[PDB]
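Undergrad: As input, take entry_22.cif (mmCIF, C-alpha atoms and all ligand atoms):
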```cif
data_query
loop_
_atom_site.group_PDB
_atom_site.id
_atom_site.type_symbol
_atom_site.label_atom_id
_atom_site.label_comp_id
_atom_site.auth_asym_id
_atom_site.auth_seq_id
_atom_site.Cartn_x
_atom_site.Cartn_y
_atom_site.Cartn_z
ATOM 1 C CA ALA A 38 21.538 17.396 13.367
ATOM 2 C CA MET A 39 22.224 14.482 11.046
ATOM 3 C CA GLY A 40 25.714 13.044 11.501
ATOM 4 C CA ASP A 41 28.297 12.530 8.773
ATOM 5 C CA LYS A 42 28.261 8.738 9.239
ATOM 6 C CA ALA A 43 24.487 8.700 8.802
ATOM 7 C CA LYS A 44 24.708 10.789 5.597
ATOM 8 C CA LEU A 45 27.255 8.330 4.157
ATOM 9 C CA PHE A 46 25.094 5.299 4.937
ATOM 10 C CA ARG A 47 21.977 6.969 3.465
ATOM 11 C CA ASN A 48 23.954 7.885 0.390
ATOM 12 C CA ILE A 49 25.081 4.233 -0.093
ATOM 13 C CA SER A 50 21.651 2.667 0.495
ATOM 14 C CA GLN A 51 20.281 4.917 -2.265
ATOM 15 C CA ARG A 52 22.929 3.665 -4.737
ATOM 16 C CA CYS A 53 22.075 0.085 -3.748
ATOM 17 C CA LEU A 54 18.270 0.605 -4.206
ATOM 18 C CA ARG A 55 18.649 2.487 -7.521
ATOM 19 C CA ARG A 56 21.271 -0.104 -8.709
ATOM 20 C CA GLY A 57 18.783 -2.975 -8.222
ATOM 21 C CA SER A 58 19.718 -4.914 -5.092
ATOM 22 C CA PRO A 59 17.847 -4.068 -1.814
ATOM 23 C CA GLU A 60 19.466 -6.894 0.229
ATOM 24 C CA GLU A 61 22.741 -4.879 0.329
ATOM 25 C CA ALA A 62 20.920 -1.601 0.936
ATOM 26 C CA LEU A 63 19.092 -3.105 3.893
ATOM 27 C CA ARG A 64 22.428 -3.656 5.694
ATOM 28 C CA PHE A 65 23.310 0.070 5.262
ATOM 29 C CA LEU A 66 19.834 1.203 6.326
ATOM 30 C CA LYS A 67 20.380 -0.640 9.627
ATOM 31 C CA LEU A 68 23.723 1.158 10.071
ATOM 32 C CA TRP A 69 21.983 4.490 9.490
ATOM 33 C CA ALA A 70 19.261 3.516 11.991
ATOM 34 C CA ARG A 71 21.953 2.652 14.548
ATOM 35 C CA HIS A 72 23.597 6.103 14.317
ATOM 36 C CA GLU A 73 20.385 8.136 14.134
ATOM 37 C CA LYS A 74 18.144 6.299 16.648
ATOM 38 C CA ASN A 75 14.660 7.821 16.901
ATOM 39 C CA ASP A 76 14.869 9.064 13.280
ATOM 40 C CA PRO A 77 11.933 7.325 11.623
ATOM 41 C CA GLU A 78 13.297 7.730 8.066
ATOM 42 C CA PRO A 79 15.852 4.850 7.955
ATOM 43 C CA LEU A 80 13.290 2.528 9.616
ATOM 44 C CA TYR A 81 10.599 3.537 7.110
ATOM 45 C CA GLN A 82 13.163 2.775 4.369
ATOM 46 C CA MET A 83 13.953 -0.705 5.791
ATOM 47 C CA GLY A 84 10.243 -1.431 5.733
ATOM 48 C CA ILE A 85 10.147 -0.638 2.026
ATOM 49 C CA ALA A 86 13.179 -2.840 1.326
ATOM 50 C CA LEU A 87 11.838 -5.758 3.361
ATOM 51 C CA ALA A 88 8.497 -5.600 1.513
ATOM 52 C CA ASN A 89 10.383 -5.723 -1.831
ATOM 53 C CA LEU A 90 12.442 -8.714 -0.602
ATOM 54 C CA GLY A 91 9.147 -10.418 0.285
ATOM 55 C CA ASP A 92 9.819 -10.571 4.075
ATOM 56 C CA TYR A 93 6.334 -9.188 4.717
ATOM 57 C CA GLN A 94 5.967 -10.073 8.386
ATOM 58 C CA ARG A 95 9.312 -8.454 9.150
ATOM 59 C CA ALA A 96 8.252 -5.352 7.152
ATOM 60 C CA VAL A 97 5.131 -4.927 9.281
ATOM 61 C CA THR A 98 7.132 -5.055 12.548
ATOM 62 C CA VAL A 99 9.510 -2.338 11.205
ATOM 63 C CA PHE A 100 6.594 -0.101 10.053
ATOM 64 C CA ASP A 101 5.232 -0.457 13.617
ATOM 65 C CA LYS A 102 8.572 0.855 14.870
ATOM 66 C CA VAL A 103 8.195 3.962 12.691
ATOM 67 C CA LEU A 104 4.536 4.367 13.757
ATOM 68 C CA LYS A 105 5.608 4.307 17.437
ATOM 69 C CA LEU A 106 7.974 7.233 16.715
ATOM 70 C CA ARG A 107 5.498 9.101 14.454
ATOM 71 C CA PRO A 108 1.931 7.908 15.166
ATOM 72 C CA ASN A 109 0.527 9.826 12.181
ATOM 73 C CA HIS A 110 3.204 8.723 9.658
ATOM 74 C CA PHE A 111 0.854 8.668 6.716
ATOM 75 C CA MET A 112 3.033 6.604 4.340
ATOM 76 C CA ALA A 113 4.074 4.091 6.993
ATOM 77 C CA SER A 114 0.396 3.221 7.529
ATOM 78 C CA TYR A 115 -0.190 3.111 3.768
ATOM 79 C CA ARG A 116 2.547 0.550 3.149
ATOM 80 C CA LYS A 117 1.756 -1.448 6.274
ATOM 81 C CA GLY A 118 -1.899 -1.688 5.251
ATOM 82 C CA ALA A 119 -0.851 -2.734 1.769
ATOM 83 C CA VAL A 120 1.381 -5.642 3.009
ATOM 84 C CA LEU A 121 -1.155 -6.697 5.664
ATOM 85 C CA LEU A 122 -3.645 -7.055 2.802
ATOM 86 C CA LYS A 123 -1.121 -9.082 0.752
ATOM 87 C CA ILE A 124 -0.574 -11.379 3.790
ATOM 88 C CA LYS A 125 -4.407 -11.779 3.942
ATOM 89 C CA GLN A 126 -4.604 -10.343 7.505
ATOM 90 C CA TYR A 127 -7.709 -8.382 6.518
ATOM 91 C CA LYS A 128 -9.163 -7.497 9.986
ATOM 92 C CA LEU A 129 -5.883 -5.796 10.974
ATOM 93 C CA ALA A 130 -5.504 -3.987 7.625
ATOM 94 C CA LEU A 131 -8.916 -2.274 7.967
ATOM 95 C CA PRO A 132 -8.161 0.219 10.777
ATOM 96 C CA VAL A 133 -4.744 0.933 9.209
ATOM 97 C CA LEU A 134 -6.169 1.609 5.739
ATOM 98 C CA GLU A 135 -9.133 3.556 7.208
ATOM 99 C CA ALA A 136 -6.574 5.942 8.757
ATOM 100 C CA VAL A 137 -4.828 6.343 5.392
ATOM 101 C CA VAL A 138 -8.079 7.421 3.771
ATOM 102 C CA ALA A 139 -8.953 9.830 6.607
ATOM 103 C CA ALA A 140 -5.636 11.578 5.802
ATOM 104 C CA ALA A 141 -5.842 11.354 2.002
ATOM 105 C CA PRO A 142 -9.564 11.346 1.198
ATOM 106 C CA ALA A 143 -9.052 11.688 -2.569
ATOM 107 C CA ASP A 144 -6.515 8.854 -2.920
ATOM 108 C CA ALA A 145 -8.376 6.397 -5.184
ATOM 109 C CA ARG A 146 -5.868 3.614 -4.520
ATOM 110 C CA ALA A 147 -6.174 3.834 -0.704
ATOM 111 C CA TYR A 148 -9.933 3.309 -1.110
ATOM 112 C CA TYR A 149 -9.327 0.373 -3.505
ATOM 113 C CA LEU A 150 -7.076 -1.374 -0.971
ATOM 114 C CA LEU A 151 -9.637 -0.610 1.706
ATOM 115 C CA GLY A 152 -12.341 -2.192 -0.468
ATOM 116 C CA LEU A 153 -10.268 -5.325 -0.987
ATOM 117 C CA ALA A 154 -9.638 -5.562 2.757
ATOM 118 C CA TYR A 155 -13.360 -5.304 3.629
ATOM 119 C CA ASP A 156 -14.150 -7.802 0.891
ATOM 120 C CA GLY A 157 -11.565 -10.217 2.353
ATOM 121 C CA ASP A 158 -13.175 -9.796 5.790
ATOM 122 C CA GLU A 159 -16.561 -10.781 4.260
ATOM 123 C CA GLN A 160 -18.030 -7.298 4.612
ATOM 124 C CA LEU A 161 -19.273 -7.164 1.034
ATOM 125 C CA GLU A 162 -21.437 -4.065 1.490
ATOM 126 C CA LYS A 163 -18.621 -1.985 3.047
ATOM 127 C CA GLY A 164 -16.192 -3.132 0.350
ATOM 128 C CA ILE A 165 -18.559 -2.030 -2.402
ATOM 129 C CA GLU A 166 -18.925 1.345 -0.682
ATOM 130 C CA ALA A 167 -15.100 1.747 -0.766
ATOM 131 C CA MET A 168 -14.441 0.397 -4.244
ATOM 132 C CA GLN A 169 -17.241 2.680 -5.467
ATOM 133 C CA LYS A 170 -15.364 5.624 -3.993
ATOM 134 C CA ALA A 171 -12.188 4.515 -5.844
ATOM 135 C CA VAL A 172 -14.143 4.424 -9.106
ATOM 136 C CA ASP A 173 -15.583 7.907 -8.466
ATOM 137 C CA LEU A 174 -12.105 9.250 -7.690
ATOM 138 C CA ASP A 175 -10.544 7.647 -10.829
ATOM 139 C CA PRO A 176 -13.096 6.511 -13.448
ATOM 140 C CA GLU A 177 -10.519 5.599 -16.129
ATOM 141 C CA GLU A 178 -8.991 2.789 -14.033
ATOM 142 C CA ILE A 179 -9.973 -0.625 -15.418
ATOM 143 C CA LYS A 180 -9.028 -2.522 -12.275
ATOM 144 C CA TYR A 181 -11.470 -0.701 -9.976
ATOM 145 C CA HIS A 182 -14.438 -1.278 -12.323
ATOM 146 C CA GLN A 183 -13.419 -4.910 -12.640
ATOM 147 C CA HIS A 184 -13.563 -5.542 -8.870
ATOM 148 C CA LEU A 185 -16.708 -3.466 -8.407
ATOM 149 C CA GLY A 186 -18.317 -5.670 -11.071
ATOM 150 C CA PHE A 187 -17.444 -8.881 -9.245
ATOM 151 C CA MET A 188 -18.535 -7.519 -5.854
ATOM 152 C CA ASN A 189 -21.910 -6.763 -7.447
ATOM 153 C CA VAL A 190 -22.174 -10.291 -8.931
ATOM 154 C CA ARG A 191 -21.919 -11.680 -5.365
ATOM 155 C CA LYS A 192 -24.527 -9.183 -4.127
ATOM 156 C CA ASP A 193 -26.923 -10.495 -6.895
ATOM 157 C CA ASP A 194 -27.158 -7.044 -8.524
ATOM 158 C CA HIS A 195 -26.493 -8.206 -12.078
ATOM 159 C CA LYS A 196 -27.607 -4.932 -13.708
ATOM 160 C CA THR A 197 -24.915 -2.751 -12.074
ATOM 161 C CA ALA A 198 -22.376 -5.598 -12.445
ATOM 162 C CA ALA A 199 -23.058 -5.619 -16.198
ATOM 163 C CA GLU A 200 -22.679 -1.816 -16.333
ATOM 164 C CA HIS A 201 -19.237 -2.067 -14.761
ATOM 165 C CA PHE A 202 -18.208 -4.975 -16.982
ATOM 166 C CA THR A 203 -19.417 -3.254 -20.203
ATOM 167 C CA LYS A 204 -17.290 -0.325 -18.980
ATOM 168 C CA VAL A 205 -14.216 -2.625 -18.533
ATOM 169 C CA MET A 206 -14.853 -3.562 -22.187
ATOM 170 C CA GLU A 207 -14.958 0.128 -23.236
ATOM 171 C CA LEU A 208 -11.697 1.075 -21.475
ATOM 172 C CA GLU A 209 -9.899 -1.887 -23.131
ATOM 173 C CA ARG A 210 -10.884 -0.766 -26.680
ATOM 174 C CA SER A 211 -10.081 2.928 -26.122
ATOM 175 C CA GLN A 212 -6.682 2.191 -24.467
ATOM 176 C CA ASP A 213 -5.199 1.044 -27.813
ATOM 177 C CA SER A 214 -5.986 4.235 -29.830
HETATM 178 CL CL CL B 1 -13.088 -8.868 -5.984
#
```
With the file now loaded, output its structure as structure tokens.
Ligand SMILES: [Cl-]

TA:
Amino acid sequence: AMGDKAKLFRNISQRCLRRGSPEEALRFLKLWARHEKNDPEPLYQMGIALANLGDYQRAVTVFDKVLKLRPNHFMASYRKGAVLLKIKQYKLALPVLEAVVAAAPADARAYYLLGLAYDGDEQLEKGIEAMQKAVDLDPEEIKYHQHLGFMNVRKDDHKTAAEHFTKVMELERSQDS
């Protein structure tokens, strides 16, 4: 069972996150982690805070801690994959993100991140496949059409690129009134 000290520290780190400042919160998340060792939740939370601070490399190594405790932690992989992609470590992000999508096969955003990771790794064809899936799962999103258009310009398929761009145009008009 969760100890009183741990409840207190959780309680405070929530005030600190919701009141803006995750540098303070981070100190209380570590206190919580100290009292409830082998609870993945405070570690997972530190990972989030570190990512928001911009300490991305440090965030990854904390998300690995939570993934050692809970190998299938679906959200820990999601966020790890997302920062790995921001750091431009594409090869490493691919297996992480591919696991996210095998757990949440209708998550358009997972597939979008996956597409960007493949594209970064110069696997254009695989990235199109993934970004296409994002577009099928959420056809009103401008961003996914936009990328899928550019991927197709590089593939020299200007017809389907133009389709996606003329769609980006359409969404922009109809998201005023
Ligand atoms: Cl792109």

Undergrad: With all atoms listed in the file as the counted atoms, please give the residues lying no more than 10 Å from residue 115 of chain A, apart from itself and same-chain residues fewer than 3 positions off, as a VMD selection string.

TA: chain A and resid 100 110 to 112 118 to 120 130 133 to 138 147 150

Undergrad: Would you write out, as an mmCIF file with C-alpha atoms, keeping the file's coordinate frame, every residue that the PyMOL selection byres (((not hetatm)) within 7 of (chain B and resi 1)) captures in this file?

TA:
```cif
data_model
loop_
_atom_site.group_PDB
_atom_site.id
_atom_site.type_symbol
_atom_site.label_atom_id
_atom_site.label_comp_id
_atom_site.auth_asym_id
_atom_site.auth_seq_id
_atom_site.Cartn_x
_atom_site.Cartn_y
_atom_site.Cartn_z
ATOM 1 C CA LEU A 153 -10.268 -5.325 -0.987
ATOM 2 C CA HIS A 184 -13.563 -5.542 -8.870
ATOM 3 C CA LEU A 185 -16.708 -3.466 -8.407
ATOM 4 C CA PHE A 187 -17.444 -8.881 -9.245
ATOM 5 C CA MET A 188 -18.535 -7.519 -5.854
#
```

Undergrad: Any idea what's packed within 9 Å of residue 116 of chain A, counting only C-alpha atoms, ignoring anything in its chain fewer than 6 positions away? Could you give it as a ChimeraX atom specification?

TA: /A:84-85,88,97,100

Undergrad: Any idea what the distance is between atom CA of residue 149 of chain A and atom CA of residue 91 of chain A?

TA: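 So the answer is 21.7 Å.
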
Undergrad: Could you check how far atom CA of residue 152 of chain A sits from atom CA of residue 108 of chain A, in Å to one decimal?

TA: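 Those two atoms sit 23.5 Å apart.
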
Undergrad: Excluding residue 86 of chain A and any residue of its chain fewer than 4 positions from it, enumerate the residues within 7 Å of it, using all atoms listed in the file, and give them as JSON, numbers by chain.

TA: {"A": [59, 63, 82, 90]}

Undergrad: Just the selected residues (C-alpha atoms), exported as a compact mmCIF listing (two decimals), keeping the file's coordinate frame, please.

TA:
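As a result, selection-v3.txt now contains:
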```
# COMPACT_ATOMS: atom_id res chain seq x y z
CA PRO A 59 17.85 -4.07 -1.81
CA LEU A 63 19.09 -3.10 3.89
CA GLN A 82 13.16 2.78 4.37
CA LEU A 90 12.44 -8.71 -0.60
```

Undergrad: Since I can't run it myself right now, could you work out what the PyMOL selection byres (((chain A and resi 66) around 10) and not hetatm) selects here and report it as a ChimeraX atom specification?

TA: /A:43,46-51,59,61-65,67-71,78-84,86

Undergrad: Just how far from atom CA of residue 210 of chain A is atom CA of residue 193 of chain A, in Å to one decimal?

TA: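 Result for atom CA of residue 193 of chain A versus atom CA of residue 210 of chain A: 27.3 Å, one decimal.
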
Undergrad: Return the single residue from A:89, A:75, A:212, A:139 that is closest to residue 103 of chain A, with distances computed using all atoms listed in the file.

TA: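 Residue with the minimum atom-to-atom distance to residue 103 of chain A: A:75.
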
Undergrad: With all atoms listed in the file as the atoms that count, which of A:190, A:144, A:107, A:161 lies nearest to residue 175 of chain A?

TA: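 Of A:190, A:144, A:107, A:161, the one nearest residue 175 of chain A, counting all atoms listed in the file, is A:144.
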